[PDB]
Amino acid sequence: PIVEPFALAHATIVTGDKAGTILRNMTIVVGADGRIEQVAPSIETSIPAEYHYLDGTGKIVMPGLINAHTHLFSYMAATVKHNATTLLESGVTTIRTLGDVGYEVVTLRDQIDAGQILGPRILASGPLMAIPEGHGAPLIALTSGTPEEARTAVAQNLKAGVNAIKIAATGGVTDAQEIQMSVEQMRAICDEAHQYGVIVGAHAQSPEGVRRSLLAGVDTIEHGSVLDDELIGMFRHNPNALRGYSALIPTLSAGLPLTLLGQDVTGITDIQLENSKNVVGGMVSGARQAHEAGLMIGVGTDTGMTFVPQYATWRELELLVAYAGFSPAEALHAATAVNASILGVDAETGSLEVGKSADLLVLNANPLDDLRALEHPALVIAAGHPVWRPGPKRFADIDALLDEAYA
C-alpha cells in the first residue's frame, strides 16, 4: 500500500483548536509521504500534477479523533486487528490501549508502522500491571508489594516493545473506593518507564488512588475521583511525571452505563450498583472540577467493555459537554489537540497543520452544531491512507439501549 498524493478541496475545516475556529472553502494537500503539505483557501490553491482530487464541497474536515483509553479484545491477531479497524473506521486515527492480553498489540502496531497493515497509530501498553483480584483478567500480577517486583515487571513490558504502560492503582467502577497499590510500587514503575520516554496511565476511582498515582509520577489518571486543591495542584505540576504534569481521562463512557441502565440489563449486583453510583459521581464531579481548574483533560472510553462500543468514541465528547461543563468546541479540542499532547504525539498529529501526519476525518455536517455529526464519518484518512470502507458495523440493540440511556 503506497501513499498516493492528493488534495481535498472546498471543505470547511473545523480546526479543533480551543477557540472552535472554522475555516471555509479550504483545500488540504497531502504529499506522497503521508504528511500535510498545504492548508489554504481553495481559490488560491492549485492541485499539483499527478495528485488525486477529492471534492469536499459541502463536507467538514477535522483532525482525526484520538481515543486515549482502549482495549482491542472484549485468532487473537485477527481479533485485535478487527477492533483496531473498527476504531479507525469510526474516525479514530490514534489510540492508546491500556491493558492488552499479551504482546499482540505491539505486533499489530509494528505492522501498521511498517506499512504492512492499514490501521490507526497505536500506543500499545502490553498487559496492565496490578495486584490480582481473581477475575481471570489478563495482567502482570504484582503480588509481593515491593518496588523491585514492580520495576522488574515494567522492564518486561518495555523489553517486549510497549510504548505505553497501564497500572491499576485501585479496583474498578463496581468496587468500593478504598482508603492496594502503593506509591512506592508505582514510583518504581514510573521511574523505569520514563527512562525510556514511555507514558504511564493509572486507573484510579478514589481520591486516595489518584493521590498515590500522582505522587508516584503517573502521566494520566483514568476515571478519576472528586478532587480538592491539593490534587489539582499535583495535576498541574508533577515533578515526577514525564513532562512535568499529569492529565485526566474521565472515560465517562465506561462508568455511566452502569448507573443509567437497569440491573436487568447490566447484570450487576445491588452492592455493585451502589459502588458504581458512588464512583461515577466522583468521576463526573472530578471532571467538572478539573475543567473548571483548566487541567489537561483528554478523551478515552475504555472500549471493549460490554457497554462501550469500539466505534463509540464520539459519545465521550457529548458526555463531557453534558456532565463536565465542556462546550462542543472544547470537547473537539480535547479529542484531538489535547489528546495528542497527552499521548506525546502532538508533533506528528492532532491538528491539520503543514508537516503533520495526514490524519483527516471528513464529516457530512458540522460537529460544532451537533456532535452526533461525528457518529457517521464520510471518509477517514490515516497518515495519508484513505480508508475505502463504509464505516463500522454497528449493533442496533446496544446502540438503542445507550441512546435511550443517555437521552
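As a convention, Cβ positions derive from the backbone with ideal geometry for all residues, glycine included, and neighbour counts pool all protein chains shown. Rule-based calculations on the coordinates, nothing more; no lab input.
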Practice problem: Can you tell me which of 97-107, 147-157 comes out highest on packing, and rank the rest after it, using the mean Cβ neighbours within 10 Å? | Solution: 97-107, 147-157
Quiz item: How would you classify the range 220-348 from its alpha-carbon gyration tensor, with a ≥ b ≥ c the square roots of the eigenvalues: rounded for a/c under 1.5, else prolate if a/b is greater than b/c, otherwise oblate?
Solution: prolate
Quiz item: Can you sort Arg96, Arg121 by how many other beta carbons sit within 10 Å, fewest first?
Solution: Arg121, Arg96
Self-check item: Footprinting exposure proxy for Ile342, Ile199 (fewest neighbouring C-beta atoms within 10 Å first)
Solution: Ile199, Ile342
Quiz item: In terms of Cα to Cα distance under 29 Å, which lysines are near enough to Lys166, apart from those fewer than 8 places away along the same chain?
Solution: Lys18, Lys81, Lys277, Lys356, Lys393
Self-check item: Among 253-259, 367-373, the order from most to least packed when residues are scored by Cβ within 10 Å on average
Solution: 253-259, 367-373
Self-check item: Peptides 391-399, 311-319, 112-120 ordered by average Cβ neighbours within 10 Å, highest first
Solution: 311-319, 112-120, 391-399
Quiz item: Taking Cα atoms of the range 127-250, Rg/Rh with Kirkwood Rh, to two decimals?
Solution: 0.94
Practice problem: State the percent of C-alpha pairs, over all pairs in the range 1-67, separated by a distance greater than 15 angstrom. | Solution: 52 percent
Quiz item: Based on the alpha-carbon gyration tensor of the range 339-384, what equivalent-ellipsoid semi-axes (square roots of 5 times the eigenvalues) come out, in whole Å, largest first?
Solution: 22, 13, 9
Quiz item: List the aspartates and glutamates whose alpha-carbon lies under 18 Å from that of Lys159, not counting same-chain residues fewer than 8 positions away?
Solution: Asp100, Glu104, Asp110, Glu148, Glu149, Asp191, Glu192
Practice problem: Tell me the chymotrypsin sites (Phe, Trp or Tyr not before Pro) within the range 229-308 that lie in a loop according to DSSP and have at most 15 other beta-carbon atoms within 10 Å. | Solution: none
Quiz item: Add -39500 (n - 2.57) for each DSSP H run of 4 or more in the chain, then divide by its residues: what number comes out at 222 nm, to the nearest 500 deg cm²/dmol?
Solution: -10000 deg cm²/dmol
Self-check item: Convex hull of the range 34-138 built on C-alpha atoms - directionally averaged projected area, nm²
Solution: 9.2 nm²
Practice problem: Compute from the Cα atoms of the chain the Rg and the Dmax, the latter being the longest Cα-Cα distance, and quote both in angstrom. | Solution: 20.5, 66
